[PDB]
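Consider the single chain below, provided in structure tokens and representing the form solved without this ligand.
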């Protein structure tokens, strides 16, 4: 992918990864950029808040024409969401067989087959961070920066440590660098900060999704489409700064992943 800044939003599930991913796309669109969010999570609900409905996955449409990306139209797997944010979700691989790199590989293949990347200025990959195998690490081959999503619990810090090693493994042969980590919502961050100081990482922003912003409205609309109040405007500003920082570049860092055993003795 060329001619567009690509960011891979990593992080494990259950912490609101799709929330921080879809709002970053909407924040880029507020700043006047053409955004294109690629949903790579098996749970194809990353672009739900952008479109307002379940977008048909690319693998669902490809499994209808017997794997022939010829009769497919751009309006069959790419849908326009809030503020013109183009939404395409790869979906999950077949249950039991098939690889994740195939679902990610075919999505980018049709995006370049129909020339659906010449107009987009920002590409947002929402990638599952629960595993860091080469199949789900495929969006790192196209991304410029990789912002990881993490929470204060142990499983998120363990996944973040696994993504740091995965991105830096791809960093030796690809342009992808680690831009830092982002707390999922405004809570305690002492355990995340201690991991950053030990790994020479860094935490970026801190969105206030915990205070108010009822989960029913979180997963329904995006923050830039909700009605304005104190908490919405405060959370909107946290995503505008994150989008602007990633746009005009950040000062590079050189983190390192702790061994899988040294992270247990760090937290517990």
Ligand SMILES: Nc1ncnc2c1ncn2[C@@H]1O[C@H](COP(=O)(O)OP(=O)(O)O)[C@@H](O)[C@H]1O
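Numbering follows the first chain given and starts at 1.
Enquirer: So, looking at the entry's B-factor column for Cα atoms, which has the higher mean, 206 to 214 or 220 to 228?
Expert: In the deposited entry, the stretch with the higher C-alpha B-factor mean is 206 to 214.
Enquirer: Looking only at CA atoms, which has the higher mean B factor in the entry: 109 to 117 or 78 to 86?
Expert: Between 109 to 117 and 78 to 86, it is 109 to 117.
Enquirer: Report the option among 234, 62, 50, 27 whose CA atom has the maximum B-factor in the deposited record.
Expert: Comparing C-alpha B-factors across 234, 62, 50, 27, the maximum falls on 62.
Enquirer: Would you mind finding, among 195, 125, 158, 102, the residue with the largest C-alpha temperature factor in the entry?
Expert: Out of 195, 125, 158, 102, the record gives the largest C-alpha B-factor to 102.
Enquirer: For residue 69, return the chain-relative third of its C-alpha B-factor as stated in the PDB record: lowest, middle or highest.
Expert: Highest third, going by the recorded CA B-factors of the chain.
Enquirer: Where does residue 142 sit by CA temperature factor within its chain: lowest, middle or highest third?
Expert: Residue 142: CA B-factor falls in the lowest third of its chain.
Enquirer: What third of its chain's C-alpha B-factors does residue 16 belong to: lowest, middle or highest?
Expert: Ranked within chain, residue 16 CA B lands in the lowest tercile.
Enquirer: If you rank every modelled residue in this chain by C-alpha B factor, which third holds residue 129: lowest, middle or highest?
Expert: CA B-factor rank for residue 129: lowest third.
Enquirer: Among the modelled residues of its chain, does the C-alpha B-factor of residue 162 lie in the lowest, middle or highest third?
Expert: Bottom third by C-alpha B-factor.
Form solved in complex with this ligand: not shown, discussed below.
Enquirer: Is the site here open or blocked once this ligand, taken in the deposited bound form, is overlaid via the site C-alphas (blocked: 3+ ligand atoms within 2.4 Å of backbone or C-beta atoms)?
Expert: The pocket is blocked.
Enquirer: Name the stretch: of 60 to 68, 225 to 233, 212 to 220, 26 to 34, exactly one has residues whose heavy atoms fall within 4.5 Å of this ligand in the deposited bound form.
Expert: Of the options, only 212 to 220 has residues within 4.5 Å of the partner.
Enquirer: Counting only non-hydrogen atoms and a 4.5 angstroms cut-off, does residue 241 reach this ligand in the deposited bound form?
Expert: No, no contact at 4.5 Å.
Enquirer: Answer yes if any heavy atom of residue 42 is within 4.5 Å of a heavy atom of this ligand in the deposited bound form; otherwise answer no.
Expert: Contact check for residue 42: no, nothing within 4.5 Å of this ligand in the deposited bound form.
Enquirer: In the deposited bound form, is there a heavy atom of this ligand that lies within 4.5 Å of any heavy atom of residue 184, even though the partner is absent here?
Expert: Output for residue 184 is yes: heavy atoms within 4.5 Å of this ligand.
Enquirer: Does residue 255 reach this ligand in the deposited bound form if we count a contact as any heavy atom within 4.5 Å?
Expert: Looking in the deposited bound form, residue contacts with this ligand do not include residue 255, since no heavy atom lies within 4.5 Å.
Enquirer: So in the deposited bound form, are 12, 19 and 207 all sitting within 4.5 Å of this ligand, heavy atoms only?
Expert: Looking in the deposited bound form, the three residues 12, 19 and 207 all sit within 4.5 Å of this ligand (heavy atoms).
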